[PDB]
Amino acid sequence: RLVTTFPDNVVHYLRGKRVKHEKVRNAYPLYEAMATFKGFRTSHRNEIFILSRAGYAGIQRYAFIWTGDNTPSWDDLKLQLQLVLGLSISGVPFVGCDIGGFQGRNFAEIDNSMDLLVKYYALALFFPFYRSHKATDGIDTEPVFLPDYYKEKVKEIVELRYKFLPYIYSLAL
Amino acid sequence: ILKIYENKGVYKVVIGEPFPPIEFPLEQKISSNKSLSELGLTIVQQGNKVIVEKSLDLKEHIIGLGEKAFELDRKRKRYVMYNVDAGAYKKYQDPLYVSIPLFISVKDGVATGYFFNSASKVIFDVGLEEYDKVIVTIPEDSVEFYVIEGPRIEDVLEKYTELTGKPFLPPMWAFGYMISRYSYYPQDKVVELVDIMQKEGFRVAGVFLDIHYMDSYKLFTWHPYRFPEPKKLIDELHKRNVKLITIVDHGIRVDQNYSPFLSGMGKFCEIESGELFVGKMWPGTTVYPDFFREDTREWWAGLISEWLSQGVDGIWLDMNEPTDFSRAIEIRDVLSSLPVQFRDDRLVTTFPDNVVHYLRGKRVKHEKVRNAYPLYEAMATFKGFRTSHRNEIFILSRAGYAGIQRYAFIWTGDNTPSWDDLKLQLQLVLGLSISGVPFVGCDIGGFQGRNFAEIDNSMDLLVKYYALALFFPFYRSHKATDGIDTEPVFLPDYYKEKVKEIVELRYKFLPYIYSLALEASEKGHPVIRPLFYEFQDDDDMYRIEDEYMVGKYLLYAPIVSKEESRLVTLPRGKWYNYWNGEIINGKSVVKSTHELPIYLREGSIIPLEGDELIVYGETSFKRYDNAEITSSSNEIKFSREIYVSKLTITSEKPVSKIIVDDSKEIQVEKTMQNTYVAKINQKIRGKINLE
């Protein structure tokens, strides 16, 4: 995985000093989010929404964070909980995971069962960020493509979230 | 160049000047007015490629494509059609052993089929490249495909079957319980095992002999030490009323004193440059018969016929993708002592690119006709039975192409035993079934033995395999060499009894299964069917994959988990719980109440072993022996005189008695809710009335 980072000879200009990428790497998304946030200010847009995959201390000033390309499985339910709580206890409040799992069907260890999908919706019931996302080759996970039995379960869960939204948003304040 | 012909709801679209893998007769080939535009298709001819596009709506369902390790609704995936030895395949692996270039679109409840008659590496991009499109790429400059009008899915399959060939009608024993292993030997052990099985109450229809029976894996030979007296083995099995099925690969050993090699000379596959294509297979250095040629087929039929004349009852065609190991072995030779891990690329097991064949006197590249190889081998093998005047034909094949149903059963290959495999196998057999190949099954208990850690050989899982395949046309237990012994007789009493009861239950339903087999050979209707086959207008049905219909009347929701009970989704209409008699209203979810969740829909007639009969609602049914049975207006009519042992009627309204042929009143007994039984035990001239 480290092969996907910037190579060692990349440099940046931080406060008038030429620095190596490896010394300031983790703050890159922070500054990108900062510039993006500034974009909203420039547009005199008061309702701001920015989602970021990476981050560093202070990223909470400008964006929500989701747990990336998770794999749908029963074990992932526990993993996602650790991930979002880890972020939460570390200063990044607005977090969530991809409901239903991101990975589609490019490898065998992917569980696309419908009861698991429902448990994802249920798991994230009170997560700040509530989004369903899927890879290109994944099955359609929108509730409207589910058999009535499962469709109703998702429907009720979502309705329950909206019922509690005022509380959630108060906590956001 | 574009030509379109129409004939009884089938549009034949010809692009350029096609040279089909095989030619399908077209009754009355008549020009059509229908334009590509009115068919909702777009076509593009490029660099030796033909691309056919169709739109794809959000609610549109795409089914078919044969043997695919994916959900039955094929959307959001780019499928490759190329026969290949999949090895220890896992779910979502593509491609596999069989290639049926047919998919059916169900839009607004209306089904339409699309069959591309190319045995090349056809690509079906179902809403992947373009979310709102189905893009089919045929790697040839020309192609012929068919648009098969429905409106019912059954209509499409009937027309498709009419076009590519009706399934042959196999003998009833072909649907019996088959035991197999890789391998059973020597010959005395084979008979010993059959005796123990029979002695303990297992009705074994046949035994499969894997490659260990051959002499150095040479086709049409008996191992001199393990099988000294083959005719003694054959007589011993036959007097025990057990059939013998022998595996037969496609590799001819390059051996100076091996008869088939010498007699086959001149009929083998070659490479571009003119030499014979010499590869590697079980026998070692091997050559392969060019089954695309008529003389090769005639030569092969002769060998099959001679092999059958010893008393062998069936032929099990394996490795016929066709598979070859020369390329893989080459990689191992060169990078042998290198402490590295090789990537497992299954395509490396296909024939190399320079192999050629002679199809209809024309020389063609292997990659253009590859997928049809098993079709032609099966064809030649079938001809072998005809040559032997053998009316009871049994041929099992691993690979296939459109039309393979004319000659053989198909099993899902080297599956890995695990709870997840139960669901995978269901998708595989139903995928084949909805694609024109009715006689299918999987290895009960899983093929993989113990060569890797992710293999679950637990006994309760084994029982669930037997239960899962309860109504599959092909019912066989098969295991790899290093796998534990999975024969029921080696199981503790607790599990042994469970398997025994399941097998007995299958035989109880065999008459129904075989009747559906007859239906399959006459109309091209599949035996086991995904729920959407009978209820294509209900979108919910396209997401139900742990349930399947057995014919038009029986819904089976096998338990595919550790749980003791499962949730059962019932389609529209009324359903009868086979075990407790409860009748439930369709389009609902209920909890199973037995280990084998069976339901009969309202409008069912089911023949059972021992002349038993079950009738629920009104419908018309044809038994395998040609006797038509009708239930309507409280009357059960028979097209001819047939014996009836026990009659079971399921009815919400009470039944006090039945009248046989208007002149004999027979008392009825209510055994449980909505269930009435009448002990008739006699010939019925023509009708039974319910009072």
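Below, each value reflects all heavy atoms present in this structure, side chains not excepted, and no hydrogens, waters or symmetry copies. In the text below, chain A, chain B and the rest are named by the order of the sequence lines, each starting its count at 1.
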Who pairs with B:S120 by side chain to side chain contact (heavy atoms under 4.5 Å, CB included), at least two apart in sequence or on another chain?
B:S118, B:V122, B:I138, B:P139, B:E140
Show me the donor-acceptor pairs, under 3.5 Å and distance only, between side chains in residues 350-357 of chain B and residues at least two apart or in other chains.
from: B:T350; atom 1: OG1; to: B:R327; atom 2: NH2; distance (Å): 3.3
from: B:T350; atom 1: OG1; to: B:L347; atom 2: O; distance (Å): 2.8
from: B:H357; atom 1: ND1; to: B:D290; atom 2: OD1; distance (Å): 3.0
from: B:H357; atom 1: NE2; to: B:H366; atom 2: ND1; distance (Å): 2.8

Going by distance alone, is a donor N or O of one side chain under 3.5 Å from an acceptor N or O of the other, for B:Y401 and B:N117?
yes
For B:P170, the side chain to side chain contact (heavy atoms under 4.5 Å, CB included) test, sequence neighbours excluded, returns B:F168, B:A174, B:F175, B:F409, B:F439
Residue pairs involving residues 261-285 of chain B (criterion salt bridge (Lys or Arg N to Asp or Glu O under 4.0 Å); sequence neighbours excluded):
B:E272-B:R363
Hydrogens and angles aside, do B:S263 and B:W299 bring a side-chain donor and acceptor to less than 3.5 Å of each other?
yes
Whether the B:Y146 and B:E144 side chains hold a donor-acceptor pair (N or O, under 3.5 Å, no angle test) is what I'd like checked.
yes
Inter- and intrachain pairs under salt bridge (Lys or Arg N to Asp or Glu O under 4.0 Å), touching residues 329-343 of chain B, at least two apart
none
So, using side-chain hydrogen bond (donor to acceptor under 3.5 Å, both in side chains) as the criterion, who are the partners of B:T221 when residues are at least two apart?
none
Specify whether B:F103 and B:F124 have parallel, tilted or perpendicular ring planes, treating 30° as the upper limit for parallel and 60° as the lower limit for perpendicular.
perpendicular
Rounded to the nearest 0.5 angstrom, the NZ-CG distance for B:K159 and B:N7 is 11.0 Å
Supply the atom-to-atom distance B:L317 CG to B:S397 OG, rounded to the nearest 0.5 angstrom.
5.5 Å
Is it true that B:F145 and B:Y114 have ring centroids separated by less than 6.0 Å?
no
Are side-chain N/O atoms of B:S435 and B:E67 paired as donor and acceptor at under 3.5 Å?
no
Quick one about B:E229 and B:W222 (side-chain donor to acceptor, distance below 3.5 Å, no hydrogens or angles considered), yes or no?
no
Worked check of side chain to side chain donor-acceptor pair (under 3.5 Å) between B:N83 and B:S99
CA-CA 6 Å; B:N83 299 357; B:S99 304; 2.5 Å; yes
Under the side chain to side chain contact (heavy atoms under 4.5 Å, CB included) rule, collect the residues that match up with B:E294, sequence neighbours excluded.
B:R297
Those residues at least two apart in sequence (or on a different chain) that pass side-chain hydrogen bond (donor to acceptor under 3.5 Å, both in side chains) with B:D414 are none
State whether B:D318 and B:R398 are salt-bridged, where the test is any N-O pair (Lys NZ or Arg NE/NH1/NH2 against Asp/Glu carboxylate O) under 4.0 Å.
yes
Please assess B:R346 against B:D85 for the test salt bridge (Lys or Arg N to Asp or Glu O under 4.0 Å), listing each intermediate value before the final yes or no.
CA-CA 6 Å; B:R346 298 273 100 208; B:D85 183 319; 3.3 Å; yes
Donor-acceptor pair between B:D324 and B:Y288 side chains, under 3.5 angstrom
yes
Within this structure, what is the CD-CG distance for the pair B:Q425 and B:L430, rounded to the nearest 0.5 Å?
10.5 Å
Side chain to side chain contact (heavy atoms under 4.5 Å, CB included) filter on B:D255, not counting sequence neighbours, yields B:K218, B:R253, B:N257, B:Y258
Once the angle between the rings of B:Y79 and B:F70 is folded into 0 to 90°, is it parallel (under 30°), tilted (30 to 60°) or perpendicular (over 60°)?
perpendicular
Can you confirm whether more than 12 heavy atoms, excluding those of B:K90, are under 6.0 Å from its NZ atom?
no
Restricting to salt bridge (charged side-chain N to carboxylate O under 4.0 Å, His left out), what partner residues turn up for B:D443, sequence neighbours left out?
B:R476
May I have the step-by-step check of ring-ring contact (aromatic ring centres under 6.0 Å, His included) for B:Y184 and B:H212, ending in yes or no?
CA-CA 8 Å; B:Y184 287 139; B:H212 284 80; over 10 Å; no
Any side-chain donor-acceptor pair under 3.5 Å between B:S305 and B:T387?
no
Parallel under 30°, tilted from 30 to 60°, perpendicular over 60°: which one fits the rings of B:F268 and B:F261?
parallel
Across all chains, not counting sequence neighbours, the side-chain hydrogen bond (donor to acceptor under 3.5 Å, both in side chains) partners of B:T381 are B:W300
B:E298: what forms a salt bridge (charged side-chain N to carboxylate O under 4.0 Å, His left out) with it, not counting sequence neighbours?
none
For residues B:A119 and B:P21, report the shortest heavy-atom separation together with the two atoms involved.
N-CG, 3.2 Å
